[PDB]
Amino acid sequence: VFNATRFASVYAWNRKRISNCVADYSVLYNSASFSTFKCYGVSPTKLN
Amino acid sequence: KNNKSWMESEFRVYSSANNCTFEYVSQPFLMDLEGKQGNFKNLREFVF
């Protein structure tokens, strides 16, 4: 999803529903592969 | 006739599907649909 070939326009932003699987957020938040990252209402550590 | 086939040909289960919130698929296999003569050799019981 983060590396898909193309993304939808800002007005045509796609709404992707994710379920019936597991999420491994260690490789995402802690990899420092992105310029900026912020969370609102909950810290990234607690989300894990 | 010849080339007994015995495999799914037409799909009349449902006409269309638009929104899907869940999906699951099992591993590939082959099940024998060939007709048999005599008594009933198989029994399947399900509880849902």
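Chains as they are written, first to last, in the entry's author numbering: chain E, 341 to 388; chain C, 147 to 194.
Cβ coordinates follow ideal geometry from the N, Cα and C atoms, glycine included.
Identity of the residue in the options nearest residue i by Cα
i	options	result
residue 155 of chain C	C:190, C:191, C:175 and C:179	C:179
residue 170 of chain C	E:365, E:359, E:368 and E:364	E:359
residue 167 of chain C	E:357, E:361, E:362 and E:364	E:357
residue 387 of chain E	E:345, E:368, E:348 and E:347	E:368
Helix, strand or coil at residue i [DSSP, three-state]
i	result
residue 385 of chain E	helix
residue 366 of chain E	helix
Original post:
Using a Cβ cut-off of 8 Å, which residues of the region 152 to 185 of chain C contact any Cβ in chain E, in chain order?
Top reply: For chain E, the residues of the region 152 to 185 of chain C that bring a beta carbon within less than 8 Å of one of its beta carbons are 167, 168, 169 and 170, in chain order.
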